[PDB]
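A.B. asks:
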DNA sequence: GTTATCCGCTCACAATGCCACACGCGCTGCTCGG
DNA sequence: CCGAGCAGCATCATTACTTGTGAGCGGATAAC
Ligand SMILES: [Mg+2]
Ligand SMILES: [Zn+2]
Ligand SMILES: [Zn+2]
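Residue numbers (the numbering used here), protein chains in the order written: chain A, 39 to 137; chain B, 10 to 58; chain C, 1443 to 2779; chain D, 177 to 266.
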C-alpha cells in the first residue's frame, strides 16, 4: 500500500499510520541516521518539514509541484510547535531567539 | 497445503536466495487460490438528537 | 529566522501573559448539544471558535467579519487554527510546588537551600513546620519543626517566630534569600574550606547560585501559583460512533486539579476550618503533582484500567513522547511499502516497482504532466482520469518517472546502506523487485522481508539521491574499504562450475580461434562446458597511463573460462580468470577491476558477471540428491574404535585406576580425536571422490559432486557444516556450557536417536535465544553510540599539529593478527616517517598514506608509525580533514561535511548482531629483547626476572618484532640476548604458585625481626619431615606482633647488611603473609634465589561496559606516584598503604582491602601506573595516570580484539572518533587566569579556546585535566541540551537547562533535525558556511 | 543517459558542492527555462545538468559569471528603458 | 566529641526498530431530571 | 418513580524475584 496525500492526525499534523488508515511510513531514528550519514541534506530536510508536516508548506508543495515546479518551502515542523506548547505547559519558559 | 511436483535447481537466479518460482499451471488449477471472509459492522446508536 | 533556543523558568507574570483566560469549570461539552461549555476545558471564548470564521452563537458566518468578538456567546471569530496555540491558565487558590525542581535528584530546591530533601518534602505535604525569618528567640530561618514544637514556641512567643507549612512557607523562604550575598559568602568560604566532599558540595551549590543569579530566573518562580493549561487542540476529545469520547488523560487530570482548586477556594471563603484547609492544600499539591508527573510520590492510575494516566512529562519522555515519536523520527506520508522479490533481469542501478504503487505515488507528478499536456486542465478531471487508468495515464507515468530516482529502505536500517536509491521500472504484481547484490547489501533475505519506498520530490533532493545514495555509488562499505557488493550465492556457484576442469570431457584437445569461437562451439553442444583446450586471447594491458597494449597470446584454458573471458572489459590480465574462480576469487576479481579501471567499467563488469552467472548456473543444473552426501564408510569402524576406547576407559574408572576428572577429560579428548579423524575421512572421500580416465587408464580429479561444489566454491556454508552433515555431528553443549560425554555418533544423512536430537535442541535453542536478545541490546547500544557522536563533522581542513599515536603492528602472544599495513592504511602520518636506514626520511609528515605508500613502507620494513589520530586533532567544534585520514567508502581524502561521527557510530553498532552473549615458547628466529627488567644473574649462570612488567619480544632480522610475551616475576631465563633460536626453544620457565624474593648480591642470609610464635609460626613438611617458618602477617597472627613485620638480610660473608651494588642503599626484604621461608641463619644465597615461595563478558556486554567505561569489579590498583611501599597503620578496616617517592612528597595513603591480595612488596621502587594489584583496569585510572594516548590505544585494542574474535573487521577510525567523544570534558586543576573554578567540569574545547585567547594576551592559561565519561554521561553533559533532551533522560537535562537559562545555539545534527532546518553535515554544510560567512555578518 | 556521477565529481572536487551547483543549474533550466546545453534526449533537468557538468562547461564560477553577465545585461537594459521612459515624460 | 569516610540501602532510570493485525478503553451510589 | 446522567473514588491491601547500573543519603566506622 502507498500514500500520496490524505488524512492527518489531529494532535499533530502528521499522517496517520496503517494500511487501514491509508497512512504513510514511520521514517524512524535509524533512517534519519542513515540519511545524515550521507550528505542527504535537502532530502532529509524536505522529508522532515514539507513531506509530512508544515501544513502550509506541504500544501504549497502540492500546489507547486502540480504546476511542474520542484521547490521546497521549509517552514516549521508543526510537531515542534506541539513540543514548544507542551513544554510551556510547564513553568519552563521556552522561546525562539531573536537572531 | 498441496503436494507439488518440484525440482531442486537454480533457474536464471529467479530463485536467487530462497525465492520460489512457480508455473502458471499451479494458478490455473487454483491449487493455492484461497478465500478470505471479512465482516463490516454498521452500528445504529441513539444520540440525544 | 532564529538561530537559538532560549530556555528558563517562567514568572507567574509570564505564564499569565501566555494565557487567554482563566478556566473555571471542569465540565467540557454539553451532551444535549455537542458544544464546548463556557468556562470549560474547551471554552470557545477562552480558546477560539470551533468552526472556521463562524461564531459559536451563529451571529457571524462570513470571512469579512473576522476579528470581532461576539456578544451572545462572546467568542472571537477567526480560523479554527487558533485553538492550537491559545494556552489557558488556572489561578491556583493556594500556591503549590513544582514536582520537577522538588524531586528530580538532586532536588534543586534542596541544593538551593542547603536543606535535606526529606524536610522540604515533609513540609510541602502538610506534616511539619518550617520556621522562617528566625526571630530573636531560639529559632532559625531554615529550621524545621513539628506540631508540639510549633505550639510550644507559640506559647513561648506569638511573634518574632514565623512557622509555616506548605507552599507559601517555601515561597517566602526563597523570596527573602539574598542570592549574590550567599554567593560571595560561600565563595570566600570555599577556599577557606578544605575538607574534600565539603569543597565539592560547596562548589556545586556555588555554581548553582551563580548560574541562577546570572540567569533571569527568580527563586520564587520555582513555586507555581498559576498553572498554564495546554491548548484544546493538542489534547483533543475525539468522539466515537456514539456519545463515547476518548477522554485523554490530560483532560481528566485537569478536571481533577481544577476540581480541587474550586473546592479549596470555596472553602477559603467559607470560614476555613484550619485542619480542613490544610489537608485540602495537601491534596491539591498532590493533584497538581500528579498532573505535572503521575510518577513520583505514588500513583494516580486511571479508572477501569489498572494503569497510570498519561502525565505531561509522559508526553515528552520515553519512546512515546514527542521527541522519539514525532520530532526526531516522524511518520512520513509520501511513499509506499511492500514485500520484495528478485527479478534479476534488471541492471544494478534499477529496481522493480508495482504499477499500482507507482500510480499512487507520483499522483502529483501525474496531475502535473496531465495539465501541462492539457489532456485534463482541471484537477477534478485529473482525478477522474487517474481513477479510470486510460493508457494515456500509463505512458504519461512511464515518462514522468523516466529518470525519477526513489529510495528503497529495509525496516531496521543498521548502517548507512540501509537506505539506498534506484531508478525504478514498471512491473506487475505487488512485489518490489530489486537487484540481488544490493539485497545482500541490506542483509535483506527474501523470507518475506518487507521494504519501504520513499520518493524524493524536490529537485535538489532528487539530484542529491542520484548523486549520493544511488547504489552505483556505494560499492565500498564505509565501515571497511572492502567491496560491499560481492556475489554471494547462486551466482558464485554458476561461475565456479563454469571455470572448472573435467579431465576427459567432450572436446578436449582442440584449438579455438577466440572466446566467441568456443562459445559458439559450446552452445551448439559440440563440446562440454569445461574441457581443457587451447585458445588465442588478446589480454589488453595498461602498461603506462592511458595506453593499451594487446598481446595476442595462445593460452591453454577451458571453454568455460574462454567464454567467461568475453566479459572482462579490456583490463585485467587473463591470469585472473584461469583458476577455479571461487567466491573469494570473485571478490578479488571485482576489487582489482575497480582499482585498475575506475568505476563505470566495474559496475558494467559486475552486472555482466551476475547475468552470466545466473545463466550458466541454470544451464548447469546443480542439484542436491540424497545419495550425493556420501557417508565415509570407515566412519562406523572409527566410532567403534573410539567407542571401544571409552569402554576400557570406563574400566580405568570402574577399577578406580584413574581419577574421575581426568577420565572425563580423556573421554572428551578421544572423542575429539575420533571426530577429527572422521572429518578428514569424509573430506578425503568427498573432495577427490571422482575417478575418471583420459584416453587411457585412470586419473583422480577434484570431485564434481553437488555438495562440495557449493562448499569449495564458498557458495553457501563451509566444511564446518558439511562434516556436520555427512560425518559425525560431534559433541554438543549442556545448558551451562559443559560438554556431554557421549557425542552425537549419528549424522544427518542417517537419522538421530531421540536423545541426540534433544541435545541438538539444547544447542540450537541457546543460539536462538542469544540472537533474540542481542538484537534489542545491540539496537540500544548503537543508539547510544549515534547519540554521543552525532555532532562530529569534519569542518577544518588541517588542524596543523604534530601529536600522533604510535600505530604498531599488533601482537598478542601468538602470531601477528593485524599487520601494520592493515591498520595504518589510509591515514595521514603525524610526523616524518624515517626509513629504517636511520636518518633517511621515508615519507613526509602530511602524506595521505595510500596503497603504493604502504607498499613503499613495508618494503623497507618499518617498525611503527606515529600517525595523526582524530583524538589529537586541534580544531574546535569538529575535527580537521587530515586528522581523520582517508575517507573510506571512497578513495579521496575526507570531504568537509561528512558526519563521520554518525557513520562511525553506525559502522560500530551494526555488526553487534554478529557478537555473542607456566611456560613461554618462541616461534621464529631473531633476538630476545627484554623491556622493564633489572637482570641479575643466578648461580646457575641463567638470568633471573627481577621486576613486575618484564616484556619479552622476539624481533626478526628485518627489524620488525614478530612475537611478544609477558615474562612473569622471578622466572629464570635460560636464554641470553640476540640468540637466533627456532620455535619452541623455551626462554623462561616458572611456577605461577610462587613469587620469590630474589636478591641482587651473593653471600649468606640472615634473619631480622624473625620472631617465632609472635610474628612467625613453625610449620613443617609433615609429609616429608622438613620444617619451615610460616610468616603470617599482622592480622592473621596475634596483635602482639601485628604492628611488627619481618626482614630477611642479604648478608655478606659476615652477617652485615650490604648496600645495593650500583647505588648507596641497603637491601633487606620484608616478607608478606603466608611467606613460607626455608633460608636458615647464615646460609649461603644464590644471586636472585627464592627466599619465600608465596602461594598465588566476552560478548556485546563486553564492548558495552567498555564504552560505558564503568569501574570494573575489582579493578587493578595502579601506582599514582613512585616510591617505596610501606603499609601504614594496619587494619583500619581496610589495609592502609603509604608509598614514599624517592624524593617526591607522599601525602597520600591508599587503603586496599587486605582481603584482596597485592602485587608489590614494601622495599620496591617503581614509577607511576605500575600494577600494584593485578586485575582489570578502570579506563579512568588509565587516563588520569598515563595520559590520553594510553587510554585510547587501550580502548581500540580492547574493542578491536572483541570484534576480531568474531572475525568482523572495523577500521580503527570509528572507535577512534568514539573515544575522542567520550572524553571531550575536562576538570580544572587550578583557578587559572580566567574565572574557571576548581571542581568545574567543562568542555575541554572551550578550555582550549580560553587558554588560547589568554596566552595570546599577557595572562597565563588555566591548568586542566582531561576527564573521561561514559558515552551516556558524556552525551548528557553537552553544550546544547535539546540534543541531550531528546536522547535519554529529558527530565533532568530539561530542569537543569531551565534553572540555568541554557541559551541553546544549535550547531548540531540533532537540533537542526528537530527544528526542521538543514543539517550541518551534508550540502547543508555548504549552506551553513555561506550563512556564517555572509548572513552572519 | 547518465548512470554514474564519477567524472561529474571529477570536475568539481567535492561531492556536495557538485550536487548543489548542479541542482541550482537544473532548477534554472526548469523554471525560467534556460537553454539545455547538451542536447537532451527526453531527459529530466537533473540528468541534463549532470551531463553539462561532466562536459566541463558548467561549474560554480562559470554559472555565477554567466548569471552575473545576464544580470548586468538586465541592469543596462533596464537603465536604457527607464531613462527612455523618463524622456517619454517630456 | 568531632570530623570526615565509606558503606548498606533506596530510589531513579534505561529496555531495537518497524510493521501488520486484533482487541479493548468508568462507575456508581449521588444528581438530575421531569 | 425510575431512568438517565455524574463526580470524584488506595475503588481493602489491593502484594508481586531480582535486570542491571548509578547516585545519593542516613548511618556505621575510624582518625584527630
Ligand atoms: Mg528476513
Ligand atoms: Zn456568538
Ligand atoms: Zn587535526
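No residue lacks a Cβ here, since even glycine has one placed at the ideal position from N, Cα and C.
(1) What's the call for residue 2124 (chain C), buried or exposed, on a 16-neighbour Cβ count within 10 Å?
(2) Are the C-beta atoms of residue 123 (chain A) and some chain C residue less than 9 Å apart?
(3) Measure the alpha-carbon distance for residue 1717 (chain C) versus residue 1724 (chain C) and round it to whole angstroms.
(4) Out of C:1692, C:1911, C:1790 and C:1817, which one is the CA nearest neighbour of residue 1756 (chain C)?
(5) Quick one: grab the DSSP three-state call for residue 1779 (chain C).
(6) What is the chain-ordered set of residues for which the beta carbon lies under 5 Å from any non-hydrogen atom of ligand 1?
(7) Give me the chain D residues within the contact set of residue 1883 (chain C), using Cβ-Cβ distance strictly less than 9 Å, ordered along the chain.
(8) Measuring CB to CB, does residue 1945 (chain C) end up less than 9 Å from residue 1882 (chain C)?
(9) Does the Cβ of residue 1479 (chain C) lie closer than 8 Å to at least one heavy atom of ligand 2?
(10) What do you reckon, is the C-beta of residue 2289 (chain C) under 8 Å from a heavy atom of ligand 3?
(11) Please decide whether residue 2290 (chain C) counts as near chain B, where near means a Cβ-Cβ distance under 9 Å.
(12) Please report how far the alpha carbon of residue 1653 (chain C) lies from the alpha carbon of residue 1661 (chain C), in whole angstroms.
(13) Mind checking which residues open and close the alpha helix (DSSP H) that includes residue 2078 (chain C)?
(14) With a threshold of 16 other CB atoms inside 10 Å of the CB of residue 218 (chain D), please say whether the residue is buried or exposed.
(15) Report back the beta-carbon spacing between residue 1769 (chain C) and residue 2756 (chain C) to the nearest angstrom; my notes put them in contact at under 8 Å.
(16) Just the C-alpha distance for residue 16 (chain B) and residue 2152 (chain C), rounded to the nearest angstrom, thanks.
(17) Does DSSP put residue 2150 (chain C) in a helix, in a strand, or in coil?
(18) Going by DSSP, name the residue or residues bridged to residue 1893 (chain C).
(19) According to DSSP, what are the bridge partners of residue 1974 (chain C)?
(20) Based on the DSSP output, what are the partners of residue 1531 (chain C) in its beta bridges?
(21) When you compare the CB positions of residue 2561 (chain C) and residue 2611 (chain C), do they come within less than 9 Å of one another, or not?
(22) Report the residues of the region 62 to 90 of chain A with a CB closer than 8 Å to any CB of chain D, ordered along the chain.
(23) I'd like to know whether the C-beta of residue 108 (chain A) is nearer than 9 Å to at least one C-beta of chain D.
(24) Using only alpha-carbon positions, find the residue among A:113, A:76 and A:131 that is nearest to residue 1861 (chain C).
(25) Residues around ligand 2, please: the ones whose beta-carbon is closer than 6 Å to some heavy atom of it, in chain order.
(26) Are there any heavy atoms of ligand 3 lying less than 8 Å away from the beta-carbon of residue 2441 (chain C), as far as the coordinates show?
(27) Between residue 178 (chain D) and chain A, is there a C-beta pair that is closer than 9 Å?
(28) Do you know how far the Cα of residue 1503 (chain C) is from the Cα of residue 1496 (chain C)?
(29) Counting only C-beta atoms, is residue 190 (chain D) closer than 9 Å to chain C at any point?
(30) For ligand 3, enumerate in chain order all residues having a CB closer than 6 Å to any of its heavy atoms.
(31) Under DSSP, the alpha helix (DSSP H) around residue 2329 (chain C) begins and ends at which residues?
(32) Contact between the region 2247 to 2263 of chain C and the region 2373 to 2389 of chain C is defined here as three or more beta-carbon pairs at a separation below 8 Å; is this criterion met?
(33) Hey, how far is the Cα of residue 94 (chain A) from the Cα of residue 110 (chain A)?
(34) Does the separation of the CB atoms of residue 1510 (chain C) and residue 1519 (chain C) fall below 9 Å?
(35) Should residue 1578 (chain C) be labelled buried (16 or more other beta-carbon atoms within 10 Å of its own) or exposed?
(36) From what residue to what residue does the beta strand (DSSP E) around residue 1525 (chain C) run?
C.D. replies: A quick look at the data gives this:
(1) Residue 2124 (chain C) counts as buried, since at least 16 other C-beta atoms from the protein chains shown sit within 10 angstroms of its C-beta.
(2) Among the CB atoms of chain C, one or more fall inside 9 Å of the CB of residue 123 (chain A).
(3) 11 Å
(4) C:1692
(5) Of the three classes helix, strand and coil, the one that applies to residue 1779 (chain C) here is strand, per DSSP.
(6) C:1887, C:1889 and C:1891
(7) The contacting residues do not exist; residue 1883 (chain C) stays about 17 Å from chain D at best.
(8) no
(9) no
(10) The answer is no for residue 2289 (chain C).
(11) For residue 2290 (chain C), the answer is no, since every Cβ of chain B falls outside 9 Å of its Cβ.
(12) C-alpha separation (whole angstroms): 12 Å.
(13) 2077 to 2096
(14) The residue is exposed, with fewer than 16 neighbouring Cβ atoms inside 10 Å.
(15) 5 Å
(16) Cα-Cα distance, rounded: 18 Å.
(17) coil
(18) C:1780 and C:1852
(19) C:2000
(20) Answer by DSSP bridge pairing, in chain order: C:1464 and C:1670.
(21) yes
(22) 77, 79 and 80
(23) yes
(24) A:76
(25) C:1497, C:1498, C:1499, C:1501, C:1512, C:1514, C:1515 and C:1517
(26) no
(27) no
(28) Taking the Cα positions, residue 1496 (chain C) is about 5 Å away from residue 1503 (chain C).
(29) At a cut-off of 9 Å, the C-beta of residue 190 (chain D) has a neighbouring C-beta in chain C.
(30) C:2241, C:2243, C:2315, C:2316, C:2317, C:2321, C:2322 and C:2325
(31) It is not in any alpha helix (DSSP H) - residue 2329 (chain C) carries neither H nor E in the DSSP assignment.
(32) no
(33) Whole-angstrom Cα-Cα distance: 11 Å.
(34) yes
(35) Label assigned to residue 1578 (chain C): exposed.
(36) Neither: residue 1525 (chain C) is in no beta strand (DSSP E) and is coded neither H nor E.
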